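Below you'll find only one chain, the form deposited in one PDB entry, shown as structure tokens.
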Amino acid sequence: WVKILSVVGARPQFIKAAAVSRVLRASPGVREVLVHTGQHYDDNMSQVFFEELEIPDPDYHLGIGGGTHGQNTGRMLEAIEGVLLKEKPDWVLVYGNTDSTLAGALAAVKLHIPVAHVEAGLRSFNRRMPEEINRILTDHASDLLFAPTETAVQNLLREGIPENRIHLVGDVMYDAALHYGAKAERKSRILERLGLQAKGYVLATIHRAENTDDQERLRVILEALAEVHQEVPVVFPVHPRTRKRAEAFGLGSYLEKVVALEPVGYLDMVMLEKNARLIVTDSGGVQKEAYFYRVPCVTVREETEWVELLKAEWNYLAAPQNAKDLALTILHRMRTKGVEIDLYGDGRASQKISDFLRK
């Protein structure tokens, strides 16, 4: 009764598509096609990703990437269009806001194949921010806009997109975090290995240039974390670049003052996030995950894209100026929680999307 073709580029997009698929594959009368724009990866770490996160095997890998925006986008546009002319789907789903997303939407729309944009209406309002142009043009190219927030809805209305193409469904990444959260609790040994209890540690990740490329900020961070560790163990899966910078700056020994690890796989990282007493991070994605698992977050930046998390008191900016102050900030936010309300849907965004598709 309906053929639904998903275009995905980067890993976040596979995760969103997998969540939607978990609903679509339960729907009798839906045929699904998964088009990956990039290459297959045979490496062990990659195979584990697809397997442990239950990602469907793509029907296509177009192999495109490594070039400029114009080469990657233009080749994807032609190649995706080739697939659409063979598969003739009733719907094309595009996800996130990369060049793959835009290429998928532009390929479909000129063939008059209805396009639905999963994660529509996000705006930085900075036309030069990486994904801002992709966000705007994907949204204006699409037939259905699945917004994660009311702010995104309003963003879309403001640009003259009509209300009847806009549907507030929430963030499928919340759905995915609940699914992987349950699976981690079943499968992950990371807390057993480290000898840690649920709610008995702080998780830290640091990888942004603003922190890792400044000798002074990185010293402040690492010293602050070493001080926090004395009170509550600090688990710090250190990004390899962060490690490299620490070592070059002569800051290596501080990592010996916390539980410093090599990066861990996805399910192990979910297990650490959901069971942390608090998360300290400069990652935008990790800030959202903290909220999804109702774990207080301290963001070691002077700003964040997710102001809604600050307003809801789940997240808290802590610029790394002084090690004592940062440590004390973290220790204090450890005993806070934010507003128990939903910012990004109820974890069932996937069913709401499917409902508008299976019509």
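Shifts are known only where both forms have a C-alpha. One-based numbering along the sequence shown. Superpose the two forms; the largest set of C-alphas matching within 1.5 Å is the rigid core.
One more form of this protein, deposited in another entry, exists but is not displayed; see below.
- Relative to the superposed core, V298 undergoes a Cα shift of 2 Å or more between this form and the one not shown.
- Annotation: Cα of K244 displaced by at least 2 Å between this form and the one not shown, core superposition.
- Compared with the form shown here, the Cα atoms of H40 and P58 sit 3 Å or more farther apart in that other deposited form.
- Against the superposed rigid core, the consecutive-residue runs (3 or more long) showing CA movement of at least 2 Å between this form and the one not shown span 39-50, 185-266, 271-287, 293-307, 313-341.
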